Amino acid sequence: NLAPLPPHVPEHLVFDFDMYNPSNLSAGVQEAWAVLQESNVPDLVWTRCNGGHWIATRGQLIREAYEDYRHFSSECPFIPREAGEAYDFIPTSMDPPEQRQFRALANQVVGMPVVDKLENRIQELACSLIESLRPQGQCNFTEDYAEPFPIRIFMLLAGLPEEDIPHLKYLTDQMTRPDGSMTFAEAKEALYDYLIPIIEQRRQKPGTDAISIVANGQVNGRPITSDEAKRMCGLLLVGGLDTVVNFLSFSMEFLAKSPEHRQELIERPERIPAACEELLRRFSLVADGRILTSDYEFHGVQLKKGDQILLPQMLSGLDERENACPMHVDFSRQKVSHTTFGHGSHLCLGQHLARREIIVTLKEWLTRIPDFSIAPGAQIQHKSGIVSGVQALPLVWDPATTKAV
Ligand code: HEM
């Protein structure tokens with residue numbers, strides 16, 4: 001379903017990419033997107049799918065667009081428009097200078113100091129989940145570890161009941177990888193029906209959980225509103241539930257297939273940090289955009305006020321101009337260039353938590369279960385959207401090759 005080409009678009013710039021169902025999906029998600037970087041594709045293209053929108057295909061353009069909030073506003077950051085429209089998360093649907101005050105608070109909740117404090121639980125929970133898995137010689141990594149690990153830590157941070165997971169998780173998924181089961185607004189509403197009561201309850205009787213800190217926070221010398229708090233917490237949930245979860249499955253899927261990569265990490269543990277970076281570049285998975293605040297001419301292409309443009313954070317690091325042999329995983333690259341956690345003022349606050357969750361998992365999984373692989377005849381399927389994912393990850397191993405700790 002291609003929408004009719006708007007008048008201002010040179011037909012030579014058309015490239016019908018469907019962000020929700022790329023063509024090469026079988027080959028893998030990062031691979032399906034990278035077709036945008038082939039020689040036959042202009043740097044800046046227009047796609048008639050999902051209502052028509054621009055796509056910047058190169059690291060350089062993406063970084064520029066992200067730096068430029070004057071022209072490229074966060075107001076309507078999701079494609080399609082109804083989604084970017086219904087989207088009112090804070091600080092994500094705001095531009096500087098307004099953005100800054102909400103950012104500062106959100107930072108209080110997810111920042112470094114919080115990670116440092118939660119470190120022992122992270123380490124505790126991972127060791128526990130793995131040890132539990134170890135003797136089975138088989139899981140569903142996606143359901144068995146990728147989901148529980150990050151979510152339980154979040155539920156811990158937020159002081160929310162583990163029981164709300166399934167419900168919460170469904171709504172989150174609807175937003176990033178729309179099912180067709182519910183629209184963005186319907187989905188936004190449900191997450192909101194959820195948060196409302198809790199926030200109220202934490203304004204009256206504050207805790208030490210993330211929600212309490214948000215609900216009772218100060219912004220521009222005055223108290224945050226209830227609606228504002230609802231809107232921050234809404235974002236925290238989606239990052240908490242939907243990002244780390246998917247990243248881990250790509251990395252684990254990759255590790256299950258590359259014995260040599262596993263080994264390197266086992267023998268030269270000092271490399272874990274460099275490898276985490278490489279994996280964040282290679283298995284990057286977020287694609288959001290911006291809205292043109294006016295007519296603007298960008299790299300010789302005429303953009304019209306109101307046009308949306310996708311600036312796929314995923315693409316910067318896969319771009320050959322940025323990284324030689326981009327599709328190749330090399331833990332010892334001189335420079336790992338990516339924008340996996342974004343670029344500009346909206347640079348991801350949860351990056352610290354995310355990095356801690358990844359490193360712990362690698363170090364801990366490798367220690368106990370150094371040798372594993374994908375279940376014979378399982379066919380791994382990726383999914384595309386704002387946040388790309390893995391559907392299921394059937395792994396098998398010989399219990400006799402594991403090590404208890
Ligand atoms: C795999 C890990 C993650 C990746 C790849 C990721 C990616 C991103 C991206 C690309 C952005 C900027 C979007 C934009 O400019 O439109 C962002 C922003 C944000 N992320 Fe992360 N995210 C991850 C994990 C997390 C976690 C664990 C949290 C905290 C629970 C989180 C919280 C946030 C927040 C609060 C923002 C907004 C910052 C602002 O608007 O100034 N993210 N993330």
# chains A, B, ... in the order shown; residues from 1 in each chain; ligands from 1
$ select_by_dssp --residues "stretch 168-377 of chain A" --states "alpha helix (DSSP H)" --output "MDAnalysis selection string"
chainID A and resid 168:176 184:204 210:215 226:242 244:257 259:267 272:282 315:318 351:368
$ residues_near_ligand --ligand "ligand 1" --cutoff "6 Å" --atoms "only C-alpha atoms and all ligand atoms" --output "list in words"
residues 91, 92, 103, 110, 236, 239, 240, 243, 244, 247, 286, 288, 313, 340, 341, 342, 345, 346, 347, 348, 349, 350, 351, 353 and 354 of chain A
$ closest_residue --among "A:245, A:301, A:275, A:285" --to "residue A:385" --atoms "only C-alpha atoms"
A:285
$ residues_around --residues "residue A:281" --least-positions-apart "4" --cutoff "12 Å" --atoms "only C-alpha atoms" --output "PDB file with N, CA, C and O atoms, in the first residue's frame"
ATOM      1  N   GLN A  30      19.004  -6.428  10.270  1.00  0.00           N
ATOM      2  CA  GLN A  30      20.051  -5.490   9.972  1.00  0.00           C
ATOM      3  C   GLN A  30      20.394  -5.564   8.473  1.00  0.00           C
ATOM      4  O   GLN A  30      20.512  -4.524   7.817  1.00  0.00           O
ATOM      5  N   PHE A 247      17.858  -6.657  22.136  1.00  0.00           N
ATOM      6  CA  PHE A 247      19.285  -6.601  21.903  1.00  0.00           C
ATOM      7  C   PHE A 247      19.981  -7.916  22.290  1.00  0.00           C
ATOM      8  O   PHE A 247      20.834  -8.386  21.552  1.00  0.00           O
ATOM      9  N   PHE A 250      19.619 -10.853  19.723  1.00  0.00           N
ATOM     10  CA  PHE A 250      20.467 -10.730  18.537  1.00  0.00           C
ATOM     11  C   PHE A 250      21.883 -11.168  18.892  1.00  0.00           C
ATOM     12  O   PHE A 250      22.578 -11.807  18.059  1.00  0.00           O
ATOM     13  N   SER A 251      22.356 -10.642  20.018  1.00  0.00           N
ATOM     14  CA  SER A 251      23.743 -10.935  20.441  1.00  0.00           C
ATOM     15  C   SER A 251      23.898 -12.436  20.750  1.00  0.00           C
ATOM     16  O   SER A 251      24.973 -12.982  20.398  1.00  0.00           O
ATOM     17  N   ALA A 274      34.881  -3.834  24.865  1.00  0.00           N
ATOM     18  CA  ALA A 274      35.048  -3.551  23.432  1.00  0.00           C
ATOM     19  C   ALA A 274      34.057  -4.336  22.589  1.00  0.00           C
ATOM     20  O   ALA A 274      33.487  -3.847  21.588  1.00  0.00           O
ATOM     21  N   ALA A 275      33.822  -5.588  22.932  1.00  0.00           N
ATOM     22  CA  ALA A 275      32.904  -6.476  22.213  1.00  0.00           C
ATOM     23  C   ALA A 275      31.459  -6.035  22.347  1.00  0.00           C
ATOM     24  O   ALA A 275      30.594  -6.460  21.557  1.00  0.00           O
ATOM     25  N   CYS A 276      31.151  -5.471  23.510  1.00  0.00           N
ATOM     26  CA  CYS A 276      29.758  -5.030  23.814  1.00  0.00           C
ATOM     27  C   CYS A 276      29.449  -3.875  22.827  1.00  0.00           C
ATOM     28  O   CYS A 276      28.361  -3.838  22.253  1.00  0.00           O
ATOM     29  N   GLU A 277      30.462  -3.037  22.642  1.00  0.00           N
ATOM     30  CA  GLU A 277      30.381  -1.930  21.716  1.00  0.00           C
ATOM     31  C   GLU A 277      30.182  -2.386  20.273  1.00  0.00           C
ATOM     32  O   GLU A 277      29.282  -1.874  19.616  1.00  0.00           O
ATOM     33  N   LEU A 285      19.265  -1.647  16.646  1.00  0.00           N
ATOM     34  CA  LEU A 285      17.873  -2.046  16.360  1.00  0.00           C
ATOM     35  C   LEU A 285      16.791  -1.018  16.456  1.00  0.00           C
ATOM     36  O   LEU A 285      15.572  -1.423  16.406  1.00  0.00           O
ATOM     37  N   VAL A 286      17.125   0.227  16.710  1.00  0.00           N
ATOM     38  CA  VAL A 286      16.137   1.312  16.797  1.00  0.00           C
ATOM     39  C   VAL A 286      16.176   2.135  15.481  1.00  0.00           C
ATOM     40  O   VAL A 286      17.198   2.480  14.880  1.00  0.00           O
ATOM     41  N   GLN A 313      18.683   5.015  13.467  1.00  0.00           N
ATOM     42  CA  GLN A 313      19.846   4.941  14.350  1.00  0.00           C
ATOM     43  C   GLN A 313      20.651   3.671  14.028  1.00  0.00           C
ATOM     44  O   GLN A 313      21.888   3.697  14.135  1.00  0.00           O
ATOM     45  N   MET A 314      19.952   2.647  13.618  1.00  0.00           N
ATOM     46  CA  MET A 314      20.465   1.376  13.169  1.00  0.00           C
ATOM     47  C   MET A 314      21.487   1.480  12.038  1.00  0.00           C
ATOM     48  O   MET A 314      22.438   0.664  11.980  1.00  0.00           O
ATOM     49  N   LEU A 315      21.244   2.333  11.054  1.00  0.00           N
ATOM     50  CA  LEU A 315      22.055   2.497   9.881  1.00  0.00           C
ATOM     51  C   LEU A 315      23.381   3.180  10.057  1.00  0.00           C
ATOM     52  O   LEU A 315      24.249   2.795   9.238  1.00  0.00           O
ATOM     53  N   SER A 316      23.606   4.114  10.927  1.00  0.00           N
ATOM     54  CA  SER A 316      24.924   4.756  11.022  1.00  0.00           C
ATOM     55  C   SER A 316      26.112   3.827  11.060  1.00  0.00           C
ATOM     56  O   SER A 316      27.136   4.140  10.451  1.00  0.00           O
ATOM     57  N   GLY A 317      26.133   2.827  11.915  1.00  0.00           N
ATOM     58  CA  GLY A 317      27.213   1.886  12.143  1.00  0.00           C
ATOM     59  C   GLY A 317      27.362   0.783  11.089  1.00  0.00           C
ATOM     60  O   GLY A 317      28.460   0.221  10.977  1.00  0.00           O
ATOM     61  N   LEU A 318      26.295   0.510  10.352  1.00  0.00           N
ATOM     62  CA  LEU A 318      26.304  -0.440   9.262  1.00  0.00           C
ATOM     63  C   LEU A 318      26.805   0.169   7.952  1.00  0.00           C
ATOM     64  O   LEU A 318      26.964  -0.554   6.933  1.00  0.00           O
ATOM     65  N   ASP A 319      26.972   1.463   7.911  1.00  0.00           N
ATOM     66  CA  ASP A 319      27.412   2.278   6.791  1.00  0.00           C
ATOM     67  C   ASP A 319      28.910   2.098   6.573  1.00  0.00           C
ATOM     68  O   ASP A 319      29.741   2.489   7.404  1.00  0.00           O
ATOM     69  N   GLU A 322      31.621   4.514   7.365  1.00  0.00           N
ATOM     70  CA  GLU A 322      31.851   4.739   8.792  1.00  0.00           C
ATOM     71  C   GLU A 322      32.647   3.574   9.394  1.00  0.00           C
ATOM     72  O   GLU A 322      33.487   3.768  10.273  1.00  0.00           O
ATOM     73  N   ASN A 323      32.262   2.391   8.930  1.00  0.00           N
ATOM     74  CA  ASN A 323      32.923   1.155   9.371  1.00  0.00           C
ATOM     75  C   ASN A 323      33.247   0.290   8.161  1.00  0.00           C
ATOM     76  O   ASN A 323      32.293  -0.171   7.522  1.00  0.00           O
ATOM     77  N   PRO A 326      31.225  -3.630   7.403  1.00  0.00           N
ATOM     78  CA  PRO A 326      30.225  -3.399   8.430  1.00  0.00           C
ATOM     79  C   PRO A 326      29.470  -4.589   8.953  1.00  0.00           C
ATOM     80  O   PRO A 326      28.987  -4.509  10.091  1.00  0.00           O
ATOM     81  N   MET A 327      29.227  -5.557   8.122  1.00  0.00           N
ATOM     82  CA  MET A 327      28.478  -6.760   8.446  1.00  0.00           C
ATOM     83  C   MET A 327      29.335  -7.793   9.196  1.00  0.00           C
ATOM     84  O   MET A 327      28.800  -8.790   9.729  1.00  0.00           O
ATOM     85  N   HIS A 328      30.603  -7.509   9.313  1.00  0.00           N
ATOM     86  CA  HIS A 328      31.554  -8.414   9.954  1.00  0.00           C
ATOM     87  C   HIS A 328      31.702  -8.021  11.409  1.00  0.00           C
ATOM     88  O   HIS A 328      31.877  -6.812  11.663  1.00  0.00           O
ATOM     89  N   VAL A 329      31.674  -9.015  12.310  1.00  0.00           N
ATOM     90  CA  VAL A 329      31.875  -8.730  13.727  1.00  0.00           C
ATOM     91  C   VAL A 329      33.348  -8.854  14.082  1.00  0.00           C
ATOM     92  O   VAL A 329      33.857  -9.946  14.080  1.00  0.00           O
ATOM     93  N   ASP A 330      33.983  -7.785  14.470  1.00  0.00           N
ATOM     94  CA  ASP A 330      35.409  -7.762  14.858  1.00  0.00           C
ATOM     95  C   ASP A 330      35.590  -7.052  16.188  1.00  0.00           C
ATOM     96  O   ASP A 330      35.471  -5.800  16.226  1.00  0.00           O
ATOM     97  N   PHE A 331      35.913  -7.775  17.225  1.00  0.00           N
ATOM     98  CA  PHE A 331      36.037  -7.250  18.574  1.00  0.00           C
ATOM     99  C   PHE A 331      37.232  -6.328  18.743  1.00  0.00           C
ATOM    100  O   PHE A 331      37.272  -5.592  19.764  1.00  0.00           O
ATOM    101  N   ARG A 333      38.315  -3.884  16.369  1.00  0.00           N
ATOM    102  CA  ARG A 333      38.254  -2.705  15.485  1.00  0.00           C
ATOM    103  C   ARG A 333      38.890  -1.504  16.210  1.00  0.00           C
ATOM    104  O   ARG A 333      38.620  -1.300  17.395  1.00  0.00           O
ATOM    105  N   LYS A 335      38.119   1.617  15.764  1.00  0.00           N
ATOM    106  CA  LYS A 335      37.032   2.566  16.056  1.00  0.00           C
ATOM    107  C   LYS A 335      35.670   1.960  15.738  1.00  0.00           C
ATOM    108  O   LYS A 335      35.396   1.682  14.556  1.00  0.00           O
ATOM    109  N   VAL A 336      34.853   1.825  16.746  1.00  0.00           N
ATOM    110  CA  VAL A 336      33.483   1.301  16.601  1.00  0.00           C
ATOM    111  C   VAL A 336      32.594   2.558  16.528  1.00  0.00           C
ATOM    112  O   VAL A 336      32.371   3.214  17.549  1.00  0.00           O
ATOM    113  N   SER A 337      32.154   2.864  15.329  1.00  0.00           N
ATOM    114  CA  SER A 337      31.306   4.070  15.135  1.00  0.00           C
ATOM    115  C   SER A 337      29.854   3.609  15.003  1.00  0.00           C
ATOM    116  O   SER A 337      29.567   2.839  14.059  1.00  0.00           O
ATOM    117  N   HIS A 338      29.004   4.116  15.902  1.00  0.00           N
ATOM    118  CA  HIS A 338      27.566   3.840  15.841  1.00  0.00           C
ATOM    119  C   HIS A 338      26.788   5.028  16.433  1.00  0.00           C
ATOM    120  O   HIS A 338      27.415   5.889  17.043  1.00  0.00           O
ATOM    121  N   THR A 339      25.491   4.971  16.320  1.00  0.00           N
ATOM    122  CA  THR A 339      24.555   5.880  16.989  1.00  0.00           C
ATOM    123  C   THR A 339      23.412   5.017  17.527  1.00  0.00           C
ATOM    124  O   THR A 339      22.228   5.361  17.379  1.00  0.00           O
ATOM    125  N   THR A 340      23.774   3.883  18.115  1.00  0.00           N
ATOM    126  CA  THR A 340      22.792   2.898  18.617  1.00  0.00           C
ATOM    127  C   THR A 340      21.898   3.465  19.701  1.00  0.00           C
ATOM    128  O   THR A 340      20.702   3.100  19.812  1.00  0.00           O
ATOM    129  N   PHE A 341      22.495   4.334  20.539  1.00  0.00           N
ATOM    130  CA  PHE A 341      21.742   4.972  21.636  1.00  0.00           C
ATOM    131  C   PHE A 341      21.267   6.373  21.233  1.00  0.00           C
ATOM    132  O   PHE A 341      20.876   7.184  22.073  1.00  0.00           O
ATOM    133  N   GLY A 342      21.330   6.644  19.926  1.00  0.00           N
ATOM    134  CA  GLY A 342      20.935   7.941  19.397  1.00  0.00           C
ATOM    135  C   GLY A 342      22.076   8.929  19.316  1.00  0.00           C
ATOM    136  O   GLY A 342      23.301   8.667  19.363  1.00  0.00           O
TER     137      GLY A 342
END
$ select_by_dssp --residues "stretch 248-356 of chain A" --states "strand (DSSP E)" --output "list in words"
residues 288, 289, 290, 291, 292, 296, 297, 298, 301, 302, 303, 308, 309, 310 and 311 of chain A
$ residues_around --residues "residue A:360" --least-positions-apart "3" --cutoff "10 Å" --atoms "only C-alpha atoms" --output "PyMOL selection string"
chain A and resi 119+122-127+272+355-357+363-366
$ residues_around --residues "residue A:114" --least-positions-apart "6" --cutoff "10 Å" --atoms "only C-alpha atoms" --output "MDAnalysis selection string"
chainID A and resid 107:108 157 210 352:353
$ write_last_selection --atoms "N, CA and C atoms" --output "compact mmCIF listing (two decimals), in the first residue's frame"
# COMPACT_ATOMS: atom_id res chain seq x y z
N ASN A 107 16.97 11.38 34.34
CA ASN A 107 18.35 11.01 34.62
C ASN A 107 18.50 10.60 36.09
N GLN A 108 17.77 11.24 36.96
CA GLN A 108 17.80 10.98 38.39
C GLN A 108 17.44 9.51 38.63
N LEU A 157 13.12 -1.67 39.94
CA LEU A 157 13.51 -0.27 39.91
C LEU A 157 12.27 0.63 40.08
N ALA A 210 11.36 4.38 41.29
CA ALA A 210 11.49 5.34 40.19
C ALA A 210 10.23 6.18 39.97
N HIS A 352 23.50 3.38 30.23
CA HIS A 352 24.38 2.84 31.29
C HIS A 352 23.83 1.53 31.85
N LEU A 353 22.55 1.53 32.11
CA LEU A 353 21.84 0.36 32.60
C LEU A 353 21.98 -0.76 31.53
$ closest_residue --among "A:332, A:225, A:24, A:391" --to "residue A:271" --atoms "only C-alpha atoms"
A:332
$ closest_residue --among "A:293, A:183, A:226, A:39" --to "residue A:202" --atoms "only C-alpha atoms"
A:226
$ closest_residue --among "A:13, A:370, A:19, A:294" --to "residue A:178" --atoms "only C-alpha atoms"
A:19
$ residues_around --residues "stretch 47-57 of chain A" --least-positions-apart "2" --cutoff "9 Å" --atoms "only C-alpha atoms" --output "PyMOL selection string"
chain A and resi 1-6+13-20+34+36-37+41-45+59-62+65+79-81+289+303+307-312+315-316+319
$ write_last_selection --atoms "C-alpha atoms" --output "compact mmCIF listing (two decimals), in the first residue's frame"
# COMPACT_ATOMS: atom_id res chain seq x y z
CA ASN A 1 0.00 0.00 0.00
CA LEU A 2 1.90 2.90 -1.55
CA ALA A 3 0.54 6.41 -1.06
CA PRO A 4 0.54 8.73 -4.09
CA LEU A 5 3.79 10.65 -4.57
CA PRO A 6 3.58 14.22 -3.29
CA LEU A 13 14.31 9.66 -5.20
CA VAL A 14 11.57 7.09 -4.71
CA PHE A 15 12.59 3.85 -2.95
CA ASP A 16 9.65 1.94 -1.48
CA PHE A 17 10.99 0.67 1.84
CA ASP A 18 8.47 -0.66 4.38
CA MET A 19 10.06 -0.21 7.82
CA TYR A 20 7.55 -2.73 9.22
CA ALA A 34 21.22 -2.32 4.74
CA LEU A 36 19.11 1.04 1.73
CA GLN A 37 22.90 1.46 1.58
CA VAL A 41 20.17 3.99 -3.55
CA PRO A 42 20.45 7.79 -3.21
CA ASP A 43 21.52 8.97 0.30
CA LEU A 44 18.09 10.51 0.92
CA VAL A 45 15.04 8.68 -0.41
CA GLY A 59 25.64 8.01 9.08
CA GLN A 60 26.50 11.58 8.11
CA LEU A 61 22.95 12.64 7.26
CA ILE A 62 21.52 10.87 10.33
CA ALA A 65 19.52 15.60 11.16
CA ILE A 79 6.06 6.80 11.56
CA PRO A 80 3.32 6.48 10.59
CA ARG A 81 2.06 9.96 11.47
CA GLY A 289 12.42 9.97 13.03
CA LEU A 303 11.98 19.05 2.26
CA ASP A 307 7.25 15.96 5.98
CA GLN A 308 8.41 13.22 8.36
CA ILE A 309 11.85 11.69 7.86
CA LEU A 310 13.08 8.38 9.33
CA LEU A 311 16.68 8.71 10.70
CA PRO A 312 17.44 5.03 11.40
CA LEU A 315 22.06 2.50 9.88
CA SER A 316 24.92 4.76 11.02
CA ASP A 319 27.41 2.28 6.79
$ residues_around --residues "residue A:195" --least-positions-apart "5" --cutoff "12 Å" --atoms "only C-alpha atoms" --output "list in words"
residues 158, 160, 164, 168, 188, 189, 190, 200, 201, 202, 211, 212, 215, 226, 227, 228, 229, 230, 231, 232, 233, 234, 235, 236 and 237 of chain A
